[PDB]
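A.B. asks: Next comes the structure file run-v5.cif, holding mmCIF, C-alpha atoms and all ligand atoms.
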data_my_file
#
loop_
_atom_site.label_atom_id
_atom_site.label_comp_id
_atom_site.auth_asym_id
_atom_site.auth_seq_id
_atom_site.Cartn_x
_atom_site.Cartn_y
_atom_site.Cartn_z
CA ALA A 1 7.65 -16.49 19.60
CA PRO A 2 9.24 -19.82 18.55
CA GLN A 3 13.01 -19.33 18.87
CA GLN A 4 13.41 -19.78 15.12
CA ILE A 5 11.25 -16.80 14.31
CA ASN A 6 12.94 -14.88 17.11
CA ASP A 7 16.46 -15.60 15.86
CA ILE A 8 15.63 -15.09 12.19
CA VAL A 9 13.99 -11.71 12.85
CA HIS A 10 16.62 -10.37 15.27
CA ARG A 11 19.56 -11.50 13.17
CA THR A 12 18.11 -9.69 10.19
CA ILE A 13 16.61 -6.53 11.70
CA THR A 14 19.33 -5.65 14.20
CA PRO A 15 22.00 -4.98 11.54
CA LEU A 16 19.39 -3.27 9.36
CA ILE A 17 18.60 -0.76 12.09
CA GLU A 18 22.31 -0.22 12.70
CA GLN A 19 23.22 0.21 9.03
CA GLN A 20 20.26 2.49 8.28
CA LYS A 21 20.26 4.46 11.57
CA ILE A 22 16.56 3.79 11.96
CA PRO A 23 15.26 5.46 15.15
CA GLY A 24 12.30 3.17 15.74
CA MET A 25 10.93 0.03 14.16
CA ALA A 26 8.11 -2.46 14.52
CA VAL A 27 7.93 -5.83 12.76
CA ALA A 28 5.21 -8.51 12.55
CA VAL A 29 5.75 -11.93 11.11
CA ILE A 30 2.64 -13.90 10.27
CA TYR A 31 3.55 -17.55 10.49
CA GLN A 32 0.96 -20.25 9.86
CA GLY A 33 -1.57 -17.47 10.25
CA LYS A 34 -0.50 -16.28 13.75
CA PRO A 35 1.30 -12.92 14.30
CA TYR A 36 4.54 -12.44 16.21
CA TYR A 37 5.68 -8.96 17.09
CA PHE A 38 8.97 -7.20 17.56
CA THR A 39 9.85 -3.60 18.42
CA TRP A 40 12.96 -1.47 18.71
CA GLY A 41 13.93 2.07 19.45
CA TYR A 42 11.99 5.27 19.64
CA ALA A 43 8.66 6.58 18.44
CA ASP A 44 9.68 10.03 19.69
CA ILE A 45 13.37 10.59 20.35
CA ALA A 46 13.01 13.88 22.21
CA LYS A 47 10.34 12.60 24.62
CA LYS A 48 12.03 9.23 24.94
CA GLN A 49 8.87 7.34 23.90
CA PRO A 50 9.61 3.76 22.82
CA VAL A 51 8.07 1.97 19.83
CA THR A 52 5.34 -0.36 21.09
CA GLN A 53 2.72 -2.58 19.43
CA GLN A 54 0.36 0.40 19.73
CA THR A 55 2.61 2.95 17.99
CA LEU A 56 1.09 4.49 14.88
CA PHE A 57 3.36 4.81 11.84
CA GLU A 58 2.69 6.55 8.54
CA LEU A 59 2.18 3.84 5.92
CA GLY A 60 2.73 6.15 2.98
CA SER A 61 2.00 4.29 -0.25
CA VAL A 62 1.15 1.04 1.52
CA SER A 63 -2.11 3.07 1.76
CA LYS A 64 -2.58 2.20 -1.92
CA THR A 65 -3.36 -1.35 -0.90
CA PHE A 66 -6.31 -0.16 1.21
CA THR A 67 -7.42 2.05 -1.70
CA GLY A 68 -7.20 -0.90 -4.08
CA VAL A 69 -9.21 -3.17 -1.80
CA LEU A 70 -11.82 -0.43 -1.18
CA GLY A 71 -12.12 -0.12 -4.94
CA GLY A 72 -12.44 -3.88 -5.27
CA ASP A 73 -15.20 -3.83 -2.68
CA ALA A 74 -17.05 -1.15 -4.71
CA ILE A 75 -16.79 -3.35 -7.80
CA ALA A 76 -18.12 -6.30 -5.80
CA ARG A 77 -20.99 -4.08 -4.62
CA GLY A 78 -21.85 -3.39 -8.30
CA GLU A 79 -21.24 0.34 -7.68
CA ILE A 80 -18.49 0.72 -10.28
CA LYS A 81 -16.79 -1.39 -13.02
CA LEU A 82 -13.13 -1.23 -13.90
CA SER A 83 -14.22 -1.12 -17.54
CA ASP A 84 -16.19 2.15 -16.89
CA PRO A 85 -14.79 5.33 -18.49
CA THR A 86 -13.36 7.81 -15.99
CA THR A 87 -15.89 10.35 -17.30
CA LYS A 88 -18.81 8.24 -16.13
CA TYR A 89 -17.98 9.34 -12.55
CA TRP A 90 -16.60 12.77 -13.41
CA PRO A 91 -18.64 14.13 -16.32
CA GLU A 92 -16.90 17.53 -15.93
CA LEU A 93 -13.79 15.82 -17.26
CA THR A 94 -14.64 16.77 -20.83
CA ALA A 95 -11.17 17.11 -22.38
CA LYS A 96 -10.70 14.68 -25.29
CA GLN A 97 -7.58 12.94 -23.97
CA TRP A 98 -9.82 11.18 -21.41
CA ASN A 99 -11.66 9.26 -24.09
CA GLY A 100 -10.65 5.65 -23.63
CA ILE A 101 -9.18 6.11 -20.13
CA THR A 102 -11.06 3.80 -17.78
CA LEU A 103 -11.08 3.23 -14.03
CA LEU A 104 -8.79 0.22 -14.65
CA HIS A 105 -6.16 2.53 -16.16
CA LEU A 106 -6.36 4.86 -13.18
CA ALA A 107 -6.19 2.05 -10.62
CA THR A 108 -3.13 0.48 -12.28
CA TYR A 109 -1.08 3.54 -13.34
CA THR A 110 -1.67 2.81 -17.03
CA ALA A 111 -3.66 5.87 -18.15
CA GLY A 112 -0.75 7.10 -20.22
CA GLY A 113 1.63 9.09 -18.03
CA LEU A 114 -0.27 10.67 -15.16
CA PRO A 115 2.46 12.03 -12.87
CA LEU A 116 3.86 10.59 -9.64
CA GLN A 117 2.80 13.60 -7.61
CA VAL A 118 -0.15 15.88 -7.72
CA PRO A 119 1.35 19.35 -7.87
CA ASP A 120 1.50 21.18 -4.52
CA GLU A 121 -0.30 24.04 -6.17
CA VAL A 122 -3.38 21.91 -6.50
CA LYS A 123 -5.55 22.38 -3.41
CA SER A 124 -9.21 22.87 -4.25
CA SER A 125 -11.66 20.64 -6.02
CA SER A 126 -11.60 23.03 -8.98
CA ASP A 127 -7.75 23.08 -8.99
CA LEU A 128 -7.95 19.34 -9.28
CA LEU A 129 -10.41 19.42 -12.22
CA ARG A 130 -8.18 21.97 -13.90
CA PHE A 131 -5.12 19.77 -13.44
CA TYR A 132 -6.67 16.66 -14.96
CA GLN A 133 -8.30 18.62 -17.82
CA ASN A 134 -4.96 20.10 -18.77
CA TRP A 135 -2.91 16.94 -18.33
CA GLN A 136 -1.53 15.65 -21.63
CA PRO A 137 -0.75 11.92 -21.93
CA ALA A 138 2.63 10.88 -23.30
CA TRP A 139 1.17 7.49 -24.20
CA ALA A 140 -2.00 5.78 -25.32
CA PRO A 141 -4.00 4.21 -22.50
CA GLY A 142 -3.05 0.71 -21.47
CA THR A 143 0.44 0.80 -22.95
CA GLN A 144 2.85 2.10 -20.28
CA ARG A 145 2.91 1.90 -16.50
CA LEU A 146 4.11 4.93 -14.55
CA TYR A 147 3.59 4.59 -10.80
CA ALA A 148 1.53 7.61 -9.78
CA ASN A 149 -0.48 9.13 -6.93
CA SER A 150 -2.41 11.21 -9.41
CA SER A 151 -3.53 7.94 -11.01
CA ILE A 152 -4.58 5.62 -8.19
CA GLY A 153 -5.52 8.61 -6.00
CA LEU A 154 -8.18 9.63 -8.53
CA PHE A 155 -9.29 6.02 -8.83
CA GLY A 156 -9.98 6.01 -5.07
CA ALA A 157 -11.85 9.29 -5.11
CA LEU A 158 -14.04 8.17 -8.06
CA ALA A 159 -14.58 4.62 -6.76
CA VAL A 160 -16.51 5.82 -3.72
CA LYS A 161 -18.70 8.39 -5.55
CA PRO A 162 -21.72 6.16 -6.13
CA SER A 163 -21.77 5.18 -2.41
CA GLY A 164 -22.31 8.87 -1.64
CA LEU A 165 -19.81 8.46 1.22
CA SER A 166 -16.63 10.47 1.67
CA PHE A 167 -13.49 8.47 0.93
CA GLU A 168 -12.66 8.35 4.63
CA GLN A 169 -16.18 7.21 5.63
CA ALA A 170 -16.20 4.53 2.96
CA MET A 171 -12.77 3.32 4.08
CA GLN A 172 -13.83 3.29 7.76
CA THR A 173 -17.16 1.55 7.32
CA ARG A 174 -16.34 -0.90 4.49
CA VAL A 175 -12.74 -1.87 5.27
CA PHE A 176 -11.33 -0.77 8.67
CA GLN A 177 -14.38 -1.65 10.77
CA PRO A 178 -15.25 -5.07 9.35
CA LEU A 179 -11.57 -6.10 9.67
CA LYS A 180 -11.33 -4.77 13.25
CA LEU A 181 -8.57 -2.35 12.32
CA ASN A 182 -9.56 -0.14 15.22
CA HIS A 183 -6.23 1.68 15.40
CA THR A 184 -5.91 2.52 11.70
CA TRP A 185 -6.65 6.09 10.63
CA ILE A 186 -6.69 8.44 7.69
CA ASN A 187 -6.80 11.29 10.19
CA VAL A 188 -5.29 10.53 13.59
CA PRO A 189 -7.81 11.50 16.32
CA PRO A 190 -6.64 13.62 19.27
CA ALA A 191 -7.22 10.60 21.58
CA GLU A 192 -4.61 8.57 19.63
CA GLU A 193 -1.94 11.30 19.28
CA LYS A 194 0.03 9.88 22.27
CA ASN A 195 0.76 6.86 20.06
CA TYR A 196 1.61 8.67 16.80
CA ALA A 197 5.35 8.31 16.20
CA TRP A 198 7.36 11.16 14.75
CA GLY A 199 9.05 10.54 11.43
CA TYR A 200 12.70 11.50 11.10
CA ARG A 201 14.12 13.14 8.02
CA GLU A 202 17.69 14.41 8.16
CA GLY A 203 17.31 14.15 11.94
CA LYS A 204 14.24 16.37 12.15
CA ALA A 205 10.86 15.17 13.48
CA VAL A 206 8.26 15.40 10.77
CA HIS A 207 4.74 14.25 9.91
CA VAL A 208 3.16 13.97 6.47
CA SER A 209 1.77 17.27 5.13
CA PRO A 210 -1.75 17.62 3.72
CA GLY A 211 -2.05 17.34 -0.03
CA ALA A 212 -4.59 16.68 -2.72
CA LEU A 213 -5.65 13.02 -2.89
CA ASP A 214 -3.50 12.31 0.16
CA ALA A 215 -6.01 9.96 1.84
CA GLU A 216 -6.41 7.93 -1.31
CA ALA A 217 -2.73 7.68 -2.29
CA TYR A 218 -0.63 7.76 0.90
CA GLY A 219 -2.51 8.93 3.94
CA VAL A 220 -3.13 5.87 6.23
CA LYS A 221 -1.45 5.56 9.67
CA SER A 222 -1.61 2.24 11.55
CA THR A 223 -0.09 0.06 14.23
CA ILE A 224 1.92 -3.08 13.87
CA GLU A 225 -1.03 -5.08 15.23
CA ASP A 226 -3.54 -3.69 12.75
CA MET A 227 -1.07 -4.13 9.91
CA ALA A 228 -0.53 -7.79 10.87
CA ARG A 229 -4.28 -8.12 10.76
CA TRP A 230 -4.34 -6.44 7.29
CA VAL A 231 -1.81 -9.00 6.09
CA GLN A 232 -3.79 -11.92 7.57
CA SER A 233 -6.94 -10.62 5.86
CA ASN A 234 -5.18 -10.40 2.50
CA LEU A 235 -3.53 -13.81 2.98
CA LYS A 236 -6.83 -15.51 3.71
CA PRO A 237 -9.76 -13.53 2.29
CA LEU A 238 -12.07 -16.50 2.55
CA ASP A 239 -12.16 -16.08 6.37
CA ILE A 240 -13.71 -12.67 5.85
CA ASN A 241 -17.45 -12.71 6.53
CA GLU A 242 -18.46 -9.59 4.59
CA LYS A 243 -18.95 -10.94 1.07
CA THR A 244 -18.09 -7.85 -0.98
CA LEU A 245 -14.98 -7.20 1.09
CA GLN A 246 -13.80 -10.77 0.65
CA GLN A 247 -14.35 -10.34 -3.06
CA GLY A 248 -12.69 -6.92 -3.16
CA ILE A 249 -9.55 -8.35 -1.57
CA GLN A 250 -9.52 -11.07 -4.21
CA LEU A 251 -9.93 -8.49 -6.99
CA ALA A 252 -7.04 -6.41 -5.68
CA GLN A 253 -4.70 -9.40 -6.09
CA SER A 254 -5.85 -10.14 -9.66
CA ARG A 255 -3.11 -9.72 -12.24
CA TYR A 256 -4.06 -6.92 -14.67
CA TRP A 257 -0.75 -6.06 -16.40
CA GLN A 258 2.73 -7.50 -16.56
CA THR A 259 6.01 -5.65 -16.75
CA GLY A 260 9.14 -7.70 -16.51
CA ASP A 261 8.41 -10.31 -13.89
CA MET A 262 5.95 -8.21 -11.86
CA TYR A 263 2.17 -8.13 -12.12
CA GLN A 264 0.08 -5.08 -11.24
CA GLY A 265 -2.91 -5.61 -8.92
CA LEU A 266 -5.11 -2.93 -7.38
CA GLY A 267 -2.55 -1.31 -5.06
CA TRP A 268 -0.82 -4.68 -4.47
CA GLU A 269 2.01 -5.81 -6.77
CA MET A 270 2.72 -9.49 -7.23
CA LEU A 271 5.40 -11.86 -8.52
CA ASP A 272 5.32 -15.63 -8.92
CA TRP A 273 6.60 -17.55 -5.90
CA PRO A 274 9.35 -18.74 -5.68
CA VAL A 275 10.68 -15.33 -6.61
CA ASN A 276 14.12 -14.46 -7.69
CA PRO A 277 15.20 -12.39 -4.74
CA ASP A 278 17.45 -10.09 -6.82
CA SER A 279 14.43 -9.43 -8.96
CA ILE A 280 12.22 -8.19 -6.09
CA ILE A 281 15.11 -6.54 -4.24
CA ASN A 282 16.52 -4.67 -7.25
CA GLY A 283 12.97 -4.17 -8.52
CA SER A 284 11.99 -2.26 -5.40
CA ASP A 285 14.65 0.42 -5.89
CA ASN A 286 12.94 3.61 -7.11
CA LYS A 287 15.25 3.52 -10.18
CA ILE A 288 12.97 0.74 -11.39
CA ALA A 289 9.84 1.16 -9.31
CA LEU A 290 9.16 4.75 -10.34
CA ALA A 291 10.28 4.27 -14.01
CA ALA A 292 7.99 4.37 -17.11
CA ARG A 293 7.74 0.79 -18.43
CA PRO A 294 5.78 -0.84 -21.24
CA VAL A 295 3.04 -3.18 -20.08
CA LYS A 296 1.46 -6.30 -21.46
CA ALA A 297 -2.25 -6.56 -20.82
CA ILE A 298 -3.42 -9.75 -19.11
CA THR A 299 -6.59 -10.39 -21.05
CA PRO A 300 -8.62 -11.22 -18.98
CA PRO A 301 -6.94 -10.67 -15.59
CA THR A 302 -5.68 -13.78 -13.83
CA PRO A 303 -7.49 -14.26 -10.55
CA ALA A 304 -5.43 -14.10 -7.36
CA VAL A 305 -2.63 -16.62 -7.50
CA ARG A 306 -1.88 -18.36 -4.20
CA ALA A 307 1.77 -18.98 -5.18
CA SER A 308 2.70 -15.28 -5.25
CA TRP A 309 4.93 -12.91 -3.41
CA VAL A 310 2.49 -10.07 -2.88
CA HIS A 311 3.88 -6.81 -1.59
CA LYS A 312 3.98 -3.04 -1.41
CA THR A 313 6.54 -0.48 -0.32
CA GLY A 314 5.57 2.86 1.24
CA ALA A 315 7.25 6.08 2.24
CA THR A 316 6.57 9.51 3.53
CA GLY A 317 9.20 12.13 4.29
CA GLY A 318 9.84 10.58 7.72
CA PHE A 319 8.64 6.95 7.42
CA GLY A 320 9.43 3.77 5.49
CA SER A 321 7.03 0.82 5.42
CA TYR A 322 6.91 -2.57 3.71
CA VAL A 323 4.43 -5.43 3.63
CA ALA A 324 4.88 -8.75 1.82
CA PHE A 325 3.09 -12.08 2.01
CA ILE A 326 2.84 -15.46 0.34
CA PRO A 327 -0.74 -16.86 0.35
CA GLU A 328 0.27 -20.41 -0.44
CA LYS A 329 2.57 -20.52 2.62
CA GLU A 330 0.33 -18.62 5.09
CA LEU A 331 3.38 -16.43 5.63
CA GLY A 332 3.86 -12.69 5.78
CA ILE A 333 5.75 -9.74 7.17
CA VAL A 334 5.15 -6.09 8.04
CA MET A 335 8.08 -3.72 8.62
CA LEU A 336 7.21 -0.21 9.89
CA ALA A 337 9.98 2.35 10.52
CA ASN A 338 10.09 6.03 11.27
CA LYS A 339 12.81 6.84 8.74
CA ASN A 340 12.41 6.57 4.98
CA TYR A 341 15.34 4.19 4.29
CA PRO A 342 16.05 2.62 0.87
CA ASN A 343 13.53 0.14 -0.52
CA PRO A 344 16.04 -2.57 -1.48
CA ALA A 345 17.17 -2.85 2.14
CA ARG A 346 13.52 -3.44 3.16
CA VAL A 347 12.93 -6.11 0.58
CA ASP A 348 16.26 -7.85 1.28
CA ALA A 349 15.44 -8.10 4.99
CA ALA A 350 11.89 -9.31 4.26
CA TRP A 351 13.04 -11.96 1.84
CA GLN A 352 15.78 -13.17 4.22
CA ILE A 353 13.14 -13.59 6.97
CA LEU A 354 10.41 -15.21 4.89
CA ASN A 355 12.74 -17.46 2.94
CA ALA A 356 14.17 -18.77 6.22
CA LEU A 357 10.67 -19.56 7.48
CA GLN A 358 9.02 -21.08 4.43
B1 LIG B 401 4.39 6.24 -1.97
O1 LIG B 401 4.93 6.08 -0.58
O2 LIG B 401 5.25 5.39 -2.81
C1 LIG B 401 4.47 7.78 -2.34
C2 LIG B 401 4.94 8.23 -3.57
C3 LIG B 401 5.03 9.63 -3.83
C4 LIG B 401 4.63 10.50 -2.90
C5 LIG B 401 4.12 10.05 -1.65
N1 LIG B 401 3.69 11.03 -0.63
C6 LIG B 401 4.03 8.67 -1.41
#
Translate the structure described by the file into structure tokens.

C.D. replies:
Amino acid sequence: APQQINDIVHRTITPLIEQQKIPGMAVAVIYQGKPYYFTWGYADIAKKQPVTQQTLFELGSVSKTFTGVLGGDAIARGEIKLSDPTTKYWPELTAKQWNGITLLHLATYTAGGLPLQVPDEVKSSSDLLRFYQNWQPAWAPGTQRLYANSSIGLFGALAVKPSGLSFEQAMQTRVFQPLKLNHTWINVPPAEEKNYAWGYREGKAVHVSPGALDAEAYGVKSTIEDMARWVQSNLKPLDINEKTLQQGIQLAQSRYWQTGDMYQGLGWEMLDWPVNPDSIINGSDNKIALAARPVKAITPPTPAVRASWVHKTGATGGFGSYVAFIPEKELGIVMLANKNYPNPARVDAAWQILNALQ
């Protein structure tokens, strides 16, 4: 890499790893469209396996960006509309509180208080139906945002129903394959296990547990190379040859709702660039990010704004991920770690790197 990118990344990430006791980390910077890669530490402490550019990390909720783009692609295919009622795709959802709750509300966490987590107790398809039928909204639809797996997870499951494909097959064929993300997985195959890092939580090696709507809300694993490619694809969707995918990526960066200075996309979240770094840094802390906040509808949604900081944090029990990019500057970053360390530290490091390069 150019020495500037080298120095800027190492000066930022080295102290981060030290302060946060991160066992292993991979970083990609996309600069003028090209990726530059950096790795540190251990994918597996016990077996002394280093982090490489081929190490798989759990993306946790950065998976929501793939779900949002897959949904956008389904809209572009004419398979679903965000204006469709949820019941159009799940007619068994007959309880009256669902009247007026559309796919847009599910995709954007604005259905009226669907919870962060699907209860552990919910396994089966019928457990799931039961859960949503019994769920009681605290708020009218389209009035409050509450970040929630049970919201965007259901959006992803419903979005692929007209295709007839499983969520995983739709994701593989319509997003991973066309983008050449050939080392990105909802279920890690046995052949790729050698590359699957352990996560570390309180010093114990852990991997994400199965759960309902896991694939759709937080279940993607990927490498630093495929994630750089994901960022490049979202930075420059016009280079993408598959028309509906290009369009889906654009739709996922449309601005649907505003709360404070952030705008809710499909999976992606966006702020105007130049950002106030305290705003994105403090904003990423779960004290704010997981809070219930009133929203203003953007009527109609603003199409993808090039001058945006577009980003998403993700975590599982053992992993902490972050992706951010600025379309107008052809600039982006991916930070993958196998410890779930605090969000504000991620965003601070990212902003320090990108601000120094823009
Ligand atoms: B995501 O990483 O923000 C997330 C939120 C809640 C639960 C899970 N598994 C992921």

A.B. asks: Point out the residue among A:283, A:277, A:23, A:267 with the least atom-to-atom distance to residue 199 (chain A), counting all atoms listed in the file.

C.D. replies: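 For residue 199 (chain A), the nearest of the candidates is A:23.
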
A.B. asks: For a quick check of your reading of the model, name the residues lying within 12 Å of the coordinate (-0.6, -12.5, 15.7), counting all atoms listed in the file, and write them as a list in words.

C.D. replies: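 Residues lying no farther than 12 Å from the given point: residues 1, 27, 28, 29, 30, 31, 32, 33, 34, 35, 36, 37, 38, 53, 224, 225, 226, 227, 228, 229, 230, 231, 232, 233, 331, 332, 333 and 334 of chain A.
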
A.B. asks: All residues within 7 Å of ligand LIG 401 (chain B) are required, counting all atoms listed in the file; please report them as a list in words.

C.D. replies: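 Selection of residues at most 7 Å from ligand LIG 401 (chain B): residues 60, 61, 62, 116, 117, 149, 217, 218, 313, 314, 315 and 316 of chain A.
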
A.B. asks: Residues within 10 Å of residue 41 (chain A), please, as an MDAnalysis selection string. Count all atoms listed in the file; anything in the same chain fewer than 4 positions from it doesn't count.

C.D. replies: chainID A and resid 17 22:26 45 48:52 337:338

A.B. asks: So that I can check the surroundings of residue 71 (chain A), please list as a list in words every protein, DNA and RNA residue that reaches within 8 Å of it, counting all atoms listed in the file and ignoring chain neighbours fewer than 6 positions away.

C.D. replies: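 Near residue 71 (chain A), the qualifying residues are residues 155, 156, 159, 160, 248 and 266 of chain A.
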
A.B. asks: Using only C-alpha atoms, list the residues that have an atom at most 12 Å from (-15.0, 6.4, 2.3), coordinates as in the file, as a ChimeraX atom specification.

C.D. replies: /A:66-67,69-71,73-74,156-177,185-186,215-216

A.B. asks: Between A:298, A:354, A:148, A:345, which one has atoms that come closest to residue 20 (chain A), using all atoms listed in the file?

C.D. replies: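 That would be A:345, the residue with the smallest distance to residue 20 (chain A).
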
A.B. asks: Rank nothing, just name the residue among A:98, A:90, A:257, A:131 nearest to residue 110 (chain A), using all atoms listed in the file.

C.D. replies: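 That would be A:257, the residue with the smallest distance to residue 110 (chain A).
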
A.B. asks: Between CA of residue 198 (chain A) and CA of residue 351 (chain A), what is the spacing in Å?

C.D. replies: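 Computing it gives 27.1 Å between the two atoms.
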
A.B. asks: Which one of A:82, A:43, A:350, A:356 sits closest to residue 194 (chain A) if you count all atoms listed in the file?

C.D. replies: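 Ranked by minimum distance to residue 194 (chain A), first place goes to A:43.
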
A.B. asks: Compare A:122, A:262, A:245, A:235 by their minimum atom-to-atom distance to residue 275 (chain A), counting only C-alpha atoms, and give me the closest one.

C.D. replies: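 Looking only at the distances to residue 275 (chain A), the closest residue turns out to be A:262.
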
A.B. asks: For region 195-204 of chain A, take all atoms listed in the file, fit an axis-aligned box around them, add 8 Å to each of the six sides, then output centre and edge lengths in Å rounded to one decimal, as AutoDock Vina command-line options.

C.D. replies:
--center_x 9.2 --center_y 11.6 --center_z 14.0 --size_x 32.9 --size_y 25.5 --size_z 28.0

A.B. asks: For region 24-39 of chain A, supply N, CA and C atoms and format the output as a PDB file, in the frame of the given file.

C.D. replies:
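The file below, selection-v7.pdb, is the result:
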ATOM      1  N   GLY A  24      13.336   4.003  15.151  1.00  0.00           N
ATOM      2  CA  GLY A  24      12.300   3.170  15.740  1.00  0.00           C
ATOM      3  C   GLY A  24      11.751   2.223  14.709  1.00  0.00           C
ATOM      4  N   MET A  25      11.415   1.002  15.119  1.00  0.00           N
ATOM      5  CA  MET A  25      10.930   0.030  14.160  1.00  0.00           C
ATOM      6  C   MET A  25       9.996  -0.960  14.818  1.00  0.00           C
ATOM      7  N   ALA A  26       8.945  -1.339  14.101  1.00  0.00           N
ATOM      8  CA  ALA A  26       8.110  -2.460  14.520  1.00  0.00           C
ATOM      9  C   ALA A  26       8.016  -3.490  13.405  1.00  0.00           C
ATOM     10  N   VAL A  27       8.036  -4.771  13.767  1.00  0.00           N
ATOM     11  CA  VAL A  27       7.930  -5.830  12.760  1.00  0.00           C
ATOM     12  C   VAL A  27       6.883  -6.849  13.204  1.00  0.00           C
ATOM     13  N   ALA A  28       6.050  -7.326  12.276  1.00  0.00           N
ATOM     14  CA  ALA A  28       5.210  -8.510  12.550  1.00  0.00           C
ATOM     15  C   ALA A  28       5.515  -9.576  11.544  1.00  0.00           C
ATOM     16  N   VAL A  29       5.654 -10.822  12.000  1.00  0.00           N
ATOM     17  CA  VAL A  29       5.750 -11.930  11.110  1.00  0.00           C
ATOM     18  C   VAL A  29       4.441 -12.678  11.307  1.00  0.00           C
ATOM     19  N   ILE A  30       3.802 -13.045  10.208  1.00  0.00           N
ATOM     20  CA  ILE A  30       2.640 -13.900  10.270  1.00  0.00           C
ATOM     21  C   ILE A  30       3.105 -15.256   9.840  1.00  0.00           C
ATOM     22  N   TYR A  31       3.012 -16.228  10.748  1.00  0.00           N
ATOM     23  CA  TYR A  31       3.550 -17.550  10.490  1.00  0.00           C
ATOM     24  C   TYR A  31       2.453 -18.543  10.773  1.00  0.00           C
ATOM     25  N   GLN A  32       2.123 -19.360   9.777  1.00  0.00           N
ATOM     26  CA  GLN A  32       0.960 -20.250   9.860  1.00  0.00           C
ATOM     27  C   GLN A  32      -0.250 -19.463  10.365  1.00  0.00           C
ATOM     28  N   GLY A  33      -0.423 -18.257   9.844  1.00  0.00           N
ATOM     29  CA  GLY A  33      -1.570 -17.470  10.250  1.00  0.00           C
ATOM     30  C   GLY A  33      -1.532 -16.705  11.568  1.00  0.00           C
ATOM     31  N   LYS A  34      -0.583 -16.995  12.454  1.00  0.00           N
ATOM     32  CA  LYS A  34      -0.500 -16.280  13.750  1.00  0.00           C
ATOM     33  C   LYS A  34       0.537 -15.150  13.672  1.00  0.00           C
ATOM     34  N   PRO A  35       0.301 -13.995  14.337  1.00  0.00           N
ATOM     35  CA  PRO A  35       1.300 -12.920  14.300  1.00  0.00           C
ATOM     36  C   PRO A  35       2.283 -12.974  15.463  1.00  0.00           C
ATOM     37  N   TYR A  36       3.513 -12.564  15.199  1.00  0.00           N
ATOM     38  CA  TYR A  36       4.540 -12.440  16.210  1.00  0.00           C
ATOM     39  C   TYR A  36       5.163 -11.073  16.045  1.00  0.00           C
ATOM     40  N   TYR A  37       5.317 -10.370  17.161  1.00  0.00           N
ATOM     41  CA  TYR A  37       5.680  -8.960  17.090  1.00  0.00           C
ATOM     42  C   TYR A  37       7.010  -8.641  17.692  1.00  0.00           C
ATOM     43  N   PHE A  38       7.644  -7.612  17.141  1.00  0.00           N
ATOM     44  CA  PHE A  38       8.970  -7.200  17.560  1.00  0.00           C
ATOM     45  C   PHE A  38       9.058  -5.691  17.456  1.00  0.00           C
ATOM     46  N   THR A  39       9.667  -5.047  18.455  1.00  0.00           N
ATOM     47  CA  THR A  39       9.850  -3.600  18.420  1.00  0.00           C
ATOM     48  C   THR A  39      11.221  -3.156  18.885  1.00  0.00           C
TER      49      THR A  39
END
